[PDB]
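Structure data follow from entry01.cif (mmCIF, C-alpha atoms and all ligand atoms):
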```cif
data_work
loop_
_atom_site.label_atom_id
_atom_site.label_comp_id
_atom_site.auth_asym_id
_atom_site.auth_seq_id
_atom_site.Cartn_x
_atom_site.Cartn_y
_atom_site.Cartn_z
CA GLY A 442 152.44 41.11 -13.83
CA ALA A 443 155.61 42.74 -15.16
CA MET A 444 157.99 40.98 -12.76
CA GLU A 445 157.92 38.16 -10.23
CA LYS A 446 158.32 39.33 -6.64
CA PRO A 447 161.49 37.79 -5.13
CA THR A 448 160.57 35.44 -2.32
CA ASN A 449 162.77 37.41 0.12
CA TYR A 450 161.60 40.88 -0.94
CA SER A 451 161.02 43.06 2.11
CA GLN A 452 162.14 46.32 3.68
CA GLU A 453 164.82 44.43 5.64
CA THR A 454 166.19 42.71 2.54
CA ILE A 455 166.42 46.02 0.67
CA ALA A 456 168.19 47.55 3.68
CA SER A 457 170.73 44.70 3.70
CA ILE A 458 171.39 45.13 -0.02
CA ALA A 459 171.76 48.89 0.30
CA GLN A 460 174.28 48.59 3.15
CA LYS A 461 176.21 45.85 1.34
CA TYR A 462 176.65 47.87 -1.86
CA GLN A 463 177.33 51.09 0.04
CA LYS A 464 180.47 49.45 1.42
CA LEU A 465 181.39 47.85 -1.91
CA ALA A 466 181.10 51.22 -3.66
CA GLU A 467 183.49 52.69 -1.10
CA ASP A 468 185.91 49.81 -1.68
CA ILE A 469 185.72 50.16 -5.46
CA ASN A 470 186.07 53.94 -5.41
CA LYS A 471 189.42 53.74 -3.60
CA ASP A 472 190.80 52.64 -7.00
CA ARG A 473 188.62 54.75 -9.33
CA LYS A 474 190.24 58.10 -10.13
CA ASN A 475 187.67 59.75 -12.41
CA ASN A 476 184.16 61.19 -12.28
CA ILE A 477 181.55 60.04 -14.80
CA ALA A 478 180.20 63.61 -15.05
CA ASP A 479 183.61 64.75 -16.37
CA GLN A 480 183.15 62.56 -19.46
CA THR A 481 180.92 63.15 -22.45
CA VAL A 482 179.29 59.82 -23.20
CA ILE A 483 177.61 58.63 -26.41
CA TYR A 484 175.45 55.49 -26.41
CA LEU A 485 175.34 54.50 -30.09
CA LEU A 486 172.80 51.80 -30.93
CA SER A 487 173.83 50.75 -34.45
CA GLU A 488 170.64 49.25 -35.87
CA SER A 489 170.97 45.61 -36.87
CA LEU A 490 174.79 45.67 -36.84
CA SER A 491 176.45 42.28 -36.44
CA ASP A 492 179.43 40.75 -38.19
CA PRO A 493 178.14 38.21 -40.74
CA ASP A 494 181.44 36.32 -40.40
CA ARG A 495 180.12 34.80 -37.15
CA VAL A 496 177.21 33.15 -38.99
CA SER A 497 178.62 29.69 -39.65
CA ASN A 498 177.18 28.93 -43.08
CA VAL A 499 177.71 32.40 -44.59
CA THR A 500 180.51 33.46 -46.93
CA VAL A 501 181.25 37.11 -47.76
CA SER A 502 183.63 38.05 -50.56
CA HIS A 503 185.25 40.80 -48.47
CA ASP A 504 185.52 41.79 -44.84
CA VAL A 505 182.81 44.43 -44.39
CA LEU A 506 183.70 45.43 -40.82
CA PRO A 507 187.51 45.84 -41.06
CA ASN A 508 187.61 49.20 -39.28
CA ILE A 509 185.21 48.13 -36.55
CA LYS A 510 187.19 44.94 -36.01
CA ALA A 511 190.34 47.03 -35.63
CA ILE A 512 188.56 49.27 -33.12
CA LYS A 513 187.43 46.20 -31.15
CA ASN A 514 191.02 44.96 -31.03
CA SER A 515 192.17 48.32 -29.57
CA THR A 516 189.75 48.81 -26.69
CA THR A 517 187.26 47.11 -24.42
CA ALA A 518 185.05 45.17 -26.80
CA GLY A 519 183.40 41.86 -27.51
CA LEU A 520 180.01 40.31 -28.10
CA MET A 521 176.68 41.45 -26.67
CA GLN A 522 173.88 39.00 -26.03
CA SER A 523 170.66 40.34 -27.55
CA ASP A 524 167.20 39.42 -26.31
CA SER A 525 165.63 39.21 -29.78
CA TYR A 526 166.22 38.62 -33.48
CA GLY A 527 165.32 40.97 -36.33
CA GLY A 528 163.82 43.53 -33.97
CA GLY A 529 163.58 44.61 -30.37
CA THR A 530 165.65 47.82 -30.58
CA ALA A 531 163.89 49.73 -27.83
CA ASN A 532 164.24 46.83 -25.37
CA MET A 533 168.02 46.80 -25.74
CA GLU A 534 167.94 50.60 -25.53
CA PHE A 535 166.02 50.54 -22.23
CA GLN A 536 168.53 48.09 -20.78
CA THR A 537 171.51 50.26 -21.71
CA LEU A 538 170.00 53.29 -20.00
CA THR A 539 168.62 51.69 -16.82
CA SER A 540 170.92 48.64 -16.56
CA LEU A 541 167.89 46.55 -15.54
CA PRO A 542 168.00 43.26 -17.52
CA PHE A 543 165.04 42.18 -19.61
CA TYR A 544 165.74 38.59 -18.59
CA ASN A 545 164.57 39.39 -15.04
CA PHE A 546 161.18 40.71 -16.14
CA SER A 547 158.19 38.52 -16.87
CA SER A 548 158.06 36.75 -20.22
CA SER A 549 154.68 38.47 -20.69
CA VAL A 550 156.46 41.81 -21.24
CA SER A 551 156.84 42.71 -24.91
CA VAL A 552 158.14 46.31 -24.93
CA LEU A 553 159.83 47.74 -21.84
CA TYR A 554 159.25 51.37 -22.82
CA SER A 555 155.49 50.74 -22.98
CA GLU A 556 154.94 48.24 -20.16
CA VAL A 557 157.67 48.86 -17.55
CA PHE A 558 159.10 52.37 -17.98
CA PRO A 559 155.74 54.14 -17.35
CA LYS A 560 155.33 52.29 -14.07
CA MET A 561 158.71 53.36 -12.65
CA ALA A 562 158.18 56.07 -10.06
CA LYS A 563 161.71 57.49 -10.35
CA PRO A 564 163.73 55.77 -13.10
CA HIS A 565 167.50 55.83 -12.57
CA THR A 566 169.69 55.96 -15.68
CA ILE A 567 173.19 56.97 -16.77
CA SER A 568 171.74 60.26 -18.03
CA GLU A 569 170.81 61.56 -14.57
CA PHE A 570 174.42 62.52 -13.83
CA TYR A 571 174.31 65.09 -16.66
CA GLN A 572 172.51 68.42 -16.67
CA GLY A 573 169.15 68.25 -18.41
CA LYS A 574 170.35 70.84 -20.95
CA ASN A 575 173.16 68.40 -21.89
CA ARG A 576 171.05 65.28 -22.45
CA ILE A 577 170.45 64.66 -26.16
CA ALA A 578 168.56 61.87 -27.95
CA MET A 579 168.70 61.22 -31.69
CA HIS A 580 166.80 58.84 -33.98
CA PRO A 581 165.99 59.32 -37.71
CA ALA A 582 162.35 58.23 -37.62
CA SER A 583 159.31 59.30 -35.61
CA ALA A 584 160.09 60.35 -32.05
CA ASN A 585 156.88 58.53 -31.04
CA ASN A 586 157.97 55.11 -32.28
CA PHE A 587 158.27 52.78 -29.28
CA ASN A 588 157.13 55.57 -26.95
CA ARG A 589 160.58 57.20 -27.15
CA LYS A 590 159.38 60.81 -26.96
CA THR A 591 157.57 60.14 -23.69
CA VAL A 592 160.57 58.27 -22.29
CA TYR A 593 163.16 60.92 -23.15
CA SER A 594 160.82 63.71 -22.00
CA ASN A 595 160.36 62.02 -18.63
CA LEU A 596 164.13 61.52 -18.44
CA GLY A 597 164.45 65.30 -18.78
CA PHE A 598 166.23 65.38 -22.13
CA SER A 599 166.65 68.80 -23.69
CA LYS A 600 166.72 67.63 -27.29
CA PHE A 601 165.39 64.66 -29.26
CA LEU A 602 166.40 64.91 -32.90
CA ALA A 603 163.94 62.96 -35.02
CA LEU A 604 162.64 62.93 -38.58
CA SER A 605 159.20 63.77 -37.19
CA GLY A 606 157.38 64.31 -33.94
CA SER A 607 159.92 66.62 -32.27
CA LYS A 608 160.99 70.23 -32.56
CA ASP A 609 164.58 69.03 -33.05
CA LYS A 610 165.67 68.14 -36.59
CA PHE A 611 168.63 66.50 -38.27
CA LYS A 612 170.59 68.74 -40.61
CA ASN A 613 171.93 67.82 -44.05
CA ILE A 614 169.96 64.59 -44.30
CA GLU A 615 171.16 62.04 -46.84
CA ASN A 616 170.14 58.44 -47.40
CA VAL A 617 172.51 55.51 -47.85
CA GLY A 618 170.24 52.70 -48.88
CA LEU A 619 166.56 53.45 -48.41
CA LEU A 620 166.92 55.14 -45.00
CA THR A 621 168.85 57.92 -43.29
CA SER A 622 172.58 57.34 -43.51
CA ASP A 623 174.80 56.71 -40.50
CA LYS A 624 177.00 59.51 -41.90
CA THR A 625 174.08 61.89 -41.33
CA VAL A 626 173.67 60.65 -37.76
CA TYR A 627 177.39 60.86 -36.96
CA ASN A 628 177.77 64.35 -38.42
CA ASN A 629 174.75 65.56 -36.47
CA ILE A 630 176.34 64.21 -33.26
CA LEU A 631 179.58 66.04 -34.10
CA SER A 632 177.75 69.33 -34.72
CA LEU A 633 176.15 69.17 -31.26
CA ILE A 634 179.26 68.25 -29.25
CA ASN A 635 180.16 71.20 -27.03
CA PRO A 636 183.61 70.77 -25.43
CA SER A 637 182.65 73.27 -22.69
CA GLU A 638 180.01 70.85 -21.38
CA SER A 639 179.72 67.23 -20.30
CA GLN A 640 177.01 65.72 -22.49
CA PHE A 641 175.12 62.44 -22.70
CA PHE A 642 173.90 61.30 -26.11
CA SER A 643 171.48 58.43 -26.69
CA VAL A 644 171.57 57.63 -30.40
CA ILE A 645 169.55 55.07 -32.35
CA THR A 646 170.50 54.70 -36.00
CA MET A 647 168.27 53.66 -38.89
CA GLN A 648 170.47 53.07 -41.96
CA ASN A 649 170.74 49.27 -41.64
CA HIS A 650 167.12 48.63 -40.70
CA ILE A 651 165.15 46.23 -42.88
CA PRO A 652 164.51 46.43 -45.89
CA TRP A 653 168.06 46.52 -47.26
CA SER A 654 168.66 48.04 -50.70
CA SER A 655 172.16 48.56 -52.06
CA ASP A 656 173.79 47.78 -55.40
CA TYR A 657 177.29 49.04 -54.53
CA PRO A 658 180.05 48.23 -53.77
CA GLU A 659 179.25 45.59 -56.40
CA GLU A 660 182.40 43.63 -55.56
CA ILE A 661 180.86 42.82 -52.16
CA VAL A 662 178.80 39.65 -52.61
CA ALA A 663 177.58 37.24 -49.97
CA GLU A 664 175.91 33.86 -49.95
CA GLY A 665 174.77 31.30 -47.42
CA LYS A 666 174.66 27.52 -47.67
CA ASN A 667 171.31 26.47 -49.15
CA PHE A 668 170.07 30.05 -49.05
CA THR A 669 167.29 31.15 -51.36
CA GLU A 670 168.00 33.84 -53.95
CA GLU A 671 166.15 36.34 -51.74
CA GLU A 672 168.15 35.41 -48.64
CA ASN A 673 171.42 35.78 -50.57
CA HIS A 674 170.31 39.12 -52.03
CA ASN A 675 169.30 40.49 -48.63
CA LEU A 676 172.59 39.35 -47.11
CA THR A 677 174.55 40.95 -49.97
CA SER A 678 172.64 44.24 -49.69
CA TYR A 679 173.08 44.24 -45.91
CA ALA A 680 176.82 43.51 -46.19
CA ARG A 681 177.22 46.40 -48.65
CA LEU A 682 175.40 48.71 -46.23
CA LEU A 683 177.64 47.54 -43.38
CA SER A 684 180.69 48.53 -45.44
CA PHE A 685 179.50 52.16 -45.40
CA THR A 686 178.75 52.06 -41.68
CA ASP A 687 182.20 50.62 -41.09
CA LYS A 688 184.00 53.44 -42.93
CA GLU A 689 181.79 56.16 -41.46
CA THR A 690 182.28 54.83 -37.91
CA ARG A 691 186.06 55.09 -38.32
CA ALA A 692 185.73 58.64 -39.67
CA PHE A 693 183.46 59.57 -36.76
CA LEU A 694 185.89 58.30 -34.13
CA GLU A 695 188.80 60.05 -35.89
CA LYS A 696 186.87 63.32 -35.54
CA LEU A 697 186.21 62.63 -31.86
CA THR A 698 189.96 62.30 -31.25
CA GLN A 699 190.37 65.93 -32.33
CA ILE A 700 187.88 67.32 -29.77
CA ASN A 701 189.41 68.67 -26.56
CA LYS A 702 187.00 66.90 -24.18
CA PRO A 703 187.08 63.34 -22.77
CA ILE A 704 184.51 61.43 -24.85
CA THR A 705 183.54 57.75 -24.59
CA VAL A 706 181.36 55.88 -27.08
CA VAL A 707 179.43 52.71 -26.23
CA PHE A 708 178.76 51.24 -29.69
CA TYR A 709 176.68 48.12 -30.22
CA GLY A 710 174.37 46.33 -32.57
CA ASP A 711 170.94 45.80 -31.04
CA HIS A 712 170.21 42.42 -32.72
CA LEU A 713 171.07 40.54 -35.89
CA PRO A 714 169.24 41.53 -39.08
CA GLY A 715 166.21 39.35 -39.68
CA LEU A 716 167.44 37.88 -42.93
CA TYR A 717 169.05 34.55 -42.00
CA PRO A 718 167.25 31.21 -41.88
CA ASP A 719 167.90 29.16 -38.76
CA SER A 720 169.97 26.76 -40.87
CA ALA A 721 172.57 29.53 -41.29
CA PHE A 722 173.74 29.03 -37.69
CA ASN A 723 174.58 25.31 -38.11
CA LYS A 724 174.43 23.96 -34.53
CA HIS A 725 175.83 27.26 -33.16
CA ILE A 726 172.39 28.81 -32.63
CA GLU A 727 173.79 31.05 -29.89
CA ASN A 728 175.15 33.21 -32.74
CA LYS A 729 171.59 34.17 -33.69
CA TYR A 730 171.67 36.49 -30.64
CA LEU A 731 175.28 37.74 -30.46
CA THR A 732 176.10 41.21 -31.82
CA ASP A 733 179.29 43.31 -31.68
CA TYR A 734 180.05 46.00 -29.12
CA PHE A 735 182.92 48.27 -28.20
CA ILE A 736 183.56 50.92 -25.56
CA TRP A 737 186.02 53.48 -26.97
CA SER A 738 187.39 56.74 -25.53
CA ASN A 739 189.02 59.50 -27.55
CA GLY A 740 192.23 59.42 -25.52
CA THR A 741 194.09 56.38 -24.20
CA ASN A 742 192.06 53.17 -24.02
CA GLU A 743 192.42 50.22 -21.72
CA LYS A 744 191.10 46.88 -22.96
CA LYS A 745 189.10 45.25 -20.16
CA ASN A 746 188.28 41.56 -20.57
CA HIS A 747 184.53 41.26 -21.21
CA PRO A 748 184.14 38.92 -24.20
CA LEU A 749 180.38 38.40 -23.76
CA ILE A 750 178.07 40.76 -21.88
CA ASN A 751 174.44 41.87 -21.93
CA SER A 752 173.05 45.22 -23.04
CA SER A 753 172.16 45.92 -19.39
CA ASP A 754 175.87 45.67 -18.47
CA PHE A 755 177.07 48.60 -20.59
CA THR A 756 176.89 51.28 -17.89
CA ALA A 757 178.90 49.27 -15.37
CA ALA A 758 181.39 48.50 -18.12
CA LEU A 759 181.53 52.21 -19.01
CA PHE A 760 182.35 53.17 -15.43
CA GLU A 761 185.09 50.54 -15.36
CA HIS A 762 186.53 51.52 -18.75
CA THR A 763 186.69 55.20 -17.79
CA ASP A 764 187.86 54.43 -14.20
CA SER A 765 184.91 56.40 -12.81
CA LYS A 766 183.64 56.23 -9.24
CA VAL A 767 180.43 54.27 -8.71
CA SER A 768 177.23 54.59 -6.75
CA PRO A 769 176.13 51.59 -4.68
CA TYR A 770 173.74 50.78 -7.54
CA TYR A 771 176.63 50.70 -10.04
CA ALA A 772 178.74 48.70 -7.56
CA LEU A 773 176.02 46.03 -7.64
CA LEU A 774 175.91 46.31 -11.43
CA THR A 775 179.70 45.91 -11.53
CA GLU A 776 179.32 42.67 -9.55
CA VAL A 777 176.70 41.59 -12.11
CA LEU A 778 178.98 42.50 -15.02
CA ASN A 779 181.90 40.54 -13.59
CA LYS A 780 180.29 37.62 -11.78
CA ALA A 781 176.61 37.14 -12.61
CA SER A 782 175.80 38.03 -16.21
CA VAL A 783 174.98 36.16 -19.43
CA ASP A 784 178.45 34.65 -19.85
CA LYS A 785 178.03 32.71 -16.57
CA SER A 786 175.82 29.74 -15.78
CA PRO A 787 172.41 30.79 -14.39
CA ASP A 788 172.58 27.72 -12.11
CA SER A 789 175.79 28.91 -10.45
CA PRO A 790 175.24 29.70 -6.75
CA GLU A 791 177.33 32.85 -6.99
CA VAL A 792 175.38 34.02 -10.04
CA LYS A 793 172.10 33.33 -8.25
CA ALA A 794 173.16 35.18 -5.09
CA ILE A 795 174.11 38.35 -6.97
CA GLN A 796 171.01 38.05 -9.16
CA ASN A 797 168.88 37.89 -6.01
CA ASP A 798 170.40 41.22 -4.97
CA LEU A 799 169.63 42.62 -8.43
CA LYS A 800 166.09 41.21 -8.63
CA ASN A 801 165.13 42.79 -5.31
CA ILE A 802 166.39 46.20 -6.49
CA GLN A 803 164.78 45.76 -9.91
CA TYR A 804 161.45 44.81 -8.38
CA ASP A 805 161.63 47.62 -5.84
CA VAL A 806 162.04 50.33 -8.48
CA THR A 807 159.47 48.98 -10.98
CA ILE A 808 156.32 47.45 -9.52
CA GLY A 809 157.44 47.10 -5.89
CA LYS A 810 157.14 49.28 -2.81
CA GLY A 811 159.94 51.81 -3.32
CA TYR A 812 161.77 50.80 -0.15
CA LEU A 813 164.92 52.30 -1.65
CA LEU A 814 163.48 55.79 -1.07
CA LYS A 815 164.72 55.45 2.51
CA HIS A 816 168.28 54.69 1.33
CA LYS A 817 169.20 58.12 0.06
CA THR A 818 172.75 57.38 -1.12
CA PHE A 819 172.03 54.15 -3.00
CA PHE A 820 171.93 55.85 -6.40
CA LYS A 821 174.38 58.64 -5.52
CA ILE A 822 178.07 58.50 -6.39
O1 LIG B 901 164.57 47.07 -35.18
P1 LIG B 901 163.18 47.51 -34.62
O2 LIG B 901 162.69 46.74 -33.37
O3 LIG B 901 162.11 47.41 -35.76
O4 LIG B 901 163.15 49.05 -34.12
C1 LIG B 901 163.07 50.08 -35.11
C2 LIG B 901 162.78 51.43 -34.45
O5 LIG B 901 163.94 51.86 -33.71
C3 LIG B 901 162.37 52.45 -35.48
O6 LIG B 901 161.84 53.64 -34.90
CA CA B 902 191.65 52.11 -11.40
MN MN B 903 166.63 47.18 -34.26
#
```
Turn the structure described in the file into structure tokens.
Amino acid sequence: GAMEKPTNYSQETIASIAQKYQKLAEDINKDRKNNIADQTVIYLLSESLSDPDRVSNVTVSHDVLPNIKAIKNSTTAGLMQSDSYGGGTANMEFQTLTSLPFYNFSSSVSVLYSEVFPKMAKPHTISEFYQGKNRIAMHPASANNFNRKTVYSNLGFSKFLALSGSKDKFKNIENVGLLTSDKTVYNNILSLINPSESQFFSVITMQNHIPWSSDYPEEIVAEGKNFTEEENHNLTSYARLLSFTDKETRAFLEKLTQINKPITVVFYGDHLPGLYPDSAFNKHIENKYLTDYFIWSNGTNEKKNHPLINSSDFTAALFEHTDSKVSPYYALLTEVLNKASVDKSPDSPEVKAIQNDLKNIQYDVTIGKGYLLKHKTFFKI
């Protein structure tokens, strides 16, 4: 099955969890001034983006993420633990939207959008707080890859810009490398931002997807210890492509600062590019699964301390960064973010206690009994 049933799963356990997080949400909201629905929010999955400087045995002639590193220094930012290497985009994507961690589902599950999403009777996501007309998805490939068209349709999205398979198209398409440039994606976001509305964007880039082809900037060269010629060439091409993403990401944020609407971007790489041999990580194999993320608003930014989080934690972190009031569900997810996520020991009693709360909710809304249907305020702010 898709998930193990918690040993204490029952109507009474779900009731206890719902009452517990109802009170915690009230406690949290006493110190949260803002409303999430007053913010336009962009979830920006930057395909295969991850600083090569963290790969121990790699040397790059130049810093290829200088602007993104400066952004990370200025706002809530850190490392994201990914569930896969060289692929798995849609699984990280699912976790950002639902906040349900892949690590709590069965190891038999390969793709959440195909095996778990269709079984959810009433999937709760960050997008539900926005009007359907203001929910926009964007991905420069087929809308049907990884079942995305079905997912975004069932989430009530008004638009899904795709290269094929949707009525919604990207404008002024240009390639940087072999695939659609990040500049194209960013400029298409900007053209759809409507300051008179609160909008939710779910964006999945393609520029830095395998295979990597770039001859310039020629001064950017990269090598790894004992790498083959092919490995070094792929790393060099990838680093060159990152340099464009880095500059275009800065230019994108600069444009967002000039829009008279509160806008927050959750930016993250989904997984490392699948070009490094295991030897590249030299006894620090954890770095095979650690990408960069930041959470940046177009006004004043706090910098909350979250050096290592999971993709499923982004929504709770977004509420905290924007000082937005939470539902009981997001109160639980805030407890996960702070006390029970991937930076903590899974053997810690506190981690296990909070994870038991989460697993019961996660089971209930996927393949369980839907006991939460009787707790009408659990997902409400
Ligand atoms: O990185 P992967 O898992 O191949 O995902 C690519 C997919 O988003 C293309 O439509
Ligand atoms: Ca506050
Ligand atoms: Mn990917």
message: Show me which residues are within 9 Å of ligand MN 903 (chain B) counting all atoms listed in the file, and format the list as JSON, numbers by chain.
response: {"A": [486, 487, 488, 489, 490, 526, 527, 528, 529, 530, 531, 533, 645, 646, 647, 649, 650, 651, 710, 711, 712, 713, 714]}
task: Rank nothing, just name the residue among A:617, A:634, A:806, A:469 nearest to ligand CA 902 (chain B), using all atoms listed in the file.
output: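 Of A:617, A:634, A:806, A:469, the one nearest ligand CA 902 (chain B), counting all atoms listed in the file, is A:469.
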- request: Name all residues at most 6 Å from range 767-773 of chain A (count all atoms listed in the file; drop same-chain ones fewer than 6 positions away) and give them as JSON, numbers by chain.
  value: {"A": [462, 463, 466, 757, 819, 820, 821, 822]}
task: Have a look at A:786, A:583, A:473, A:608 and name the one nearest to ligand CA 902 (chain B); count all atoms listed in the file.
output: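 Of A:786, A:583, A:473, A:608, the one nearest ligand CA 902 (chain B) is A:473, counting all atoms listed in the file.
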message: Show me, as a list in words, the residues that have an atom within 8 Å of residue 593 in chain A when counting all atoms listed in the file, minus same-chain residues fewer than 5 positions from it.
response: residues 578, 598 and 601 of chain A
field: Cut-off 8 Å, all atoms listed in the file, neighbours of ligand CA 902 (chain B) as a PyMOL selection string
entry: chain A and resi 472-474+761+764
- prompt: Counting all atoms listed in the file, which of A:543, A:679, A:685, A:804 gets nearest to residue 717 in chain A?
  reply: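 The shortest atom-to-atom distance to residue 717 in chain A comes from A:679.
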